[PDB]
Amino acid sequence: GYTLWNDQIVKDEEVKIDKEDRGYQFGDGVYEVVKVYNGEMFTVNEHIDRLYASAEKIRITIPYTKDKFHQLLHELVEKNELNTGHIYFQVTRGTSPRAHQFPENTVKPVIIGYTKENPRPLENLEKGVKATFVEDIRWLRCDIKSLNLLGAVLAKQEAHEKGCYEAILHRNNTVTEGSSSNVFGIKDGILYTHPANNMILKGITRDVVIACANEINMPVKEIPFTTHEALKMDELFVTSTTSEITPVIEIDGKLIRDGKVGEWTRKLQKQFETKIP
């Protein structure tokens, strides 16, 4: 297919990464994932704003305007003829002779983007999934969506080995987020989720869902809950651009209530469907 490589869309075969690309040596870069439904990009400007905010937090200056980036992404979906699936794209600080401090010569960032045809997870949204708790050993700036993803790679592998779809992370028993999702709990019609500070990533699906909840007039409290309280909830689900609102029906052998998708989760999925192209 075709890959975005800085500001060109080339055949896949044509892109080559340097060994001293700082993204390969220090994970020094940021990224995003955008879902495409029937050829249209969902919340693409929101994701581009978060890419440039992640980049500013670690002082990378992306060399293109945000509107040029949106057009390049539109081009990439066309050439690859993507119908339903996603676009992955990342930015690294550039390739420079290995050193920890920023390149003294101003080097240009390297941008890579490509598509994958991938249907909606309908069986999971319908039936729900199993999850497991994992201690959060990640760094303290989880608000940046960076390529330093080793804490999340090891947590998701632990989950996959226990036959679970996702790992719910926690710092001394306060649930923060999932290895690649935000985590919500429902108790007595109220929506709970961890506040967006440096302990979590402020997910765009998370904020779409908090908006959907204000639209069905469901109260939202952004206060953290524990692993113990998570197990006492009436309903639980995880959110991300690729898993949408995926019900969690069981954690570590314990059923969440009766092991069935709850009523408020079905109400939030129906409201989320009105936002899809």
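Numbering starts at 1 and follows the sequence shown. Heads up, when I say rigid core I mean the largest set of C-alphas that superpose within 1.5 Å between the two forms.
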Say the other structures are aligned on the rigid core; which stretch then has the higher CA RMS in 4 other deposited structures of this protein, 104 to 112 or 87 to 95? 104 to 112
As the entry reports it, the stretch among 97 to 105 and 150 to 158 with higher mean C-alpha B factor is 97 to 105
Of 86 to 94 and 68 to 76, the stretch with the higher mean C-alpha B-factor in the deposited entry is 68 to 76
Candidate set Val238, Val44, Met218, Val208 [ranked by C-alpha B-factor, highest]: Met218
By the entry's values, the third containing the CA B factor of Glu20 is the lowest
Chain thirds of CA B-factor: placement of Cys212: highest
Where does the C-alpha B-factor of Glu32 rank in its chain, lowest, middle or highest third? lowest
Per the entry's values, where does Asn182 land by CA temperature factor relative to the rest of its chain, in the lowest, middle or highest third? lowest
Modelled-residue ranking by C-alpha temperature factor, third containing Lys130: middle
